[PDB]
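In UniProt numbering, each number is its position in the sequence shown, counted from 1, plus 7.
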Amino acid sequence: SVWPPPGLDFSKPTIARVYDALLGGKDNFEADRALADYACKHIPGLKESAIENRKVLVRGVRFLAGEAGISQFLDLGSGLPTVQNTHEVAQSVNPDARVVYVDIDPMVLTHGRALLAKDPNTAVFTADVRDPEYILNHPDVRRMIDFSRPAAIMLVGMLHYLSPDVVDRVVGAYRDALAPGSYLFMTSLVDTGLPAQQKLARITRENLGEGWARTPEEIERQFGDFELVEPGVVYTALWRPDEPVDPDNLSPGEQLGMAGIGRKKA
Ligand SMILES: C[S@+](CC[C@H](N)C(=O)[O-])C[C@H]1O[C@@H](n2cnc3c(N)ncnc32)[C@H](O)[C@@H]1O
Numbered sequence: 008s009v010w011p012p013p014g015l016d017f018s019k020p021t022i023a024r025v026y027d028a029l030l031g032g033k034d035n036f037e038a039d040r041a042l043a044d045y046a047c048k049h050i051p052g053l054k055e056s057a058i059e060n061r062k063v064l065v066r067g068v069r070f071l072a073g074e075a076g077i078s079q080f081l082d083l084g085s086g087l088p089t090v091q092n093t094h095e096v097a098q099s100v101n102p103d104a105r106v107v108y109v110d111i112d113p114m115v116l117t118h119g120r121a122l123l124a125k126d127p128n129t130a131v132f133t134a135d136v137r138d139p140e141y142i143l144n145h146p147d148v149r150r151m152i153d154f155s156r157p158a159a160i161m162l163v164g165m166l167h168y169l170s171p172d173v174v175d176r177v178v179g180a181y182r183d184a185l186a187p188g189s190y191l192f193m194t195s196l197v198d199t200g201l202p203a204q205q206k207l208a209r210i211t212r213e214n215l216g217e218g219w220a221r222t223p224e225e226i227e228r229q230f231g232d233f234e235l236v237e238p239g240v241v242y243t244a245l246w247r248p249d250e251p252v253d254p255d256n257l258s259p260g261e262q263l264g265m266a267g268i269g270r271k272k273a
């Protein structure tokens, strides 16, 4: 078998591969599809929640690279590739945009290295986001991002994998690295008291190692002093929609996660 690489199959699911399976990608093994299937059986709207997270990723990156004028992105916990990735969105509005992707799953590097050796403004590497010091000093980071100028750091679909004991220091390190005029874009599994939210967090914790549903206020808090851009921290489908959407008529899948983008002030 030539793909996914058999040497990466330990009959254990990974976060990247399961999310890929939820989106209908082929970068996954049976253990990943089995867990996605199981999760969908217990968690209504799970796949739709992933779709909405990808759609807000696109809308947010388009806001950042176009309107906000940002040319430098650090995409933490990037995941495996989809039909619309960060650098593709960024370059569609801003041909000079530069994106550095970071993921812990080696399959992300293996797939991507292929796709991105032809792009001098896009780089990918394997690392653990819980070690900001290592990521912020990596040669791909240092050669691609000048942190003395505005940048965007993204923890899209990533915040709920940071435990209570590490989250404050980890997200704080990345906020602290940024120049005034920079942005932090995150999305997260949310606890608004709907039953599936904490059940989904449990399944993720038990099967994938980490999974923390945060209240809207706990999500907002991880933006620190940054100034939230309108509409603030809201269900992912409600974040600057480009397609009609009614906040009182959301499905269960549209209430699993929230999105927010905040700006660092001078
Ligand atoms: C794939 S899902 C979200 C993907 C993408 N950011 C999105 O929102 O569409 C979460 C991703 O975060 C990565 N991840 C979780 N914890 C990580 C960590 N501590 N260091 C690096 N990557 C991590 C997973 O491997 C996975 O690829």
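C-beta atoms are modelled at their ideal positions from N, C-alpha and C, and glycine is treated no differently.
In this structure, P146 lies away from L122, with their beta-carbon atoms at least 8 Å apart. Around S155, the same chain offers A186 as residues with beta carbons nearer than 8 Å, after the five sequence neighbours per side are excluded.
Taking the Cα positions, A130 is about 14 Å away from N144.
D82 carries a strand assignment under DSSP once its states are collapsed to helix, strand and coil.
Taking a C-beta distance under 8 Å as the contact criterion, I210 and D112 do not qualify as a contact pair. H94 places its beta carbon less than 8 Å from that of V106. Annotation: the continuous beta strand (DSSP E) that includes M265 extends over 264-270. With a cut-off of 8 Å on Cβ pairs, the stretch 195-208 is in contact with the stretch 249-269, counting three or more such pairs. In this structure, DSSP gives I58 a helical state, which the three-state scheme calls helix. Short of 7 Å from the beta carbon of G231, and not among the five residues preceding or following it, lie these beta carbons of its own chain, in chain order: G179, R182. Counted as a single uninterrupted DSSP element, the beta strand (DSSP E) harbouring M193 occupies residues 190-196. Under a 10 Å Cβ-count criterion, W10 is classified as exposed, with fewer than 16 other Cβ atoms of the shown protein chains found around its own Cβ. Under the DSSP assignment, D110 falls in the beta strand (DSSP E) whose first and last residues are 105-110.
A distance criterion of 7 Å places the beta-carbon of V68 beyond contact range of ligand 1, judged by its closest non-hydrogen atom. Shortest Cα-Cα distance from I160 to any of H167, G239, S170, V148 involves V148. Ligand 1 has no heavy atom closer than 7 Å to the beta-carbon of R120. Pairing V241 with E227 gives a Cβ-Cβ distance that is not under 8 Å. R221 is bridged by DSSP to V197. One Cα belongs to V177, the other to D44, and the distance between them is close to 31 Å.
Cβ atoms of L64 and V163 come within 8 Å of each other, at about 5 Å. For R247, the closest of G86, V236, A46 by C-alpha to C-alpha distance is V236.
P20 is a Cβ neighbour of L42, given a cutoff of 8 Å. The closest CA to that of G260, considering only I50, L30, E224, is found on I50. For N60, the distance from the CB to the nearest heavy atom of ligand 1 is below 7 Å. Around the beta-carbon of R24, 16 or more other beta-carbon atoms lie within 10 Å, marking it buried. Residue state for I77 is assigned as coil, using DSSP reduced to three classes.
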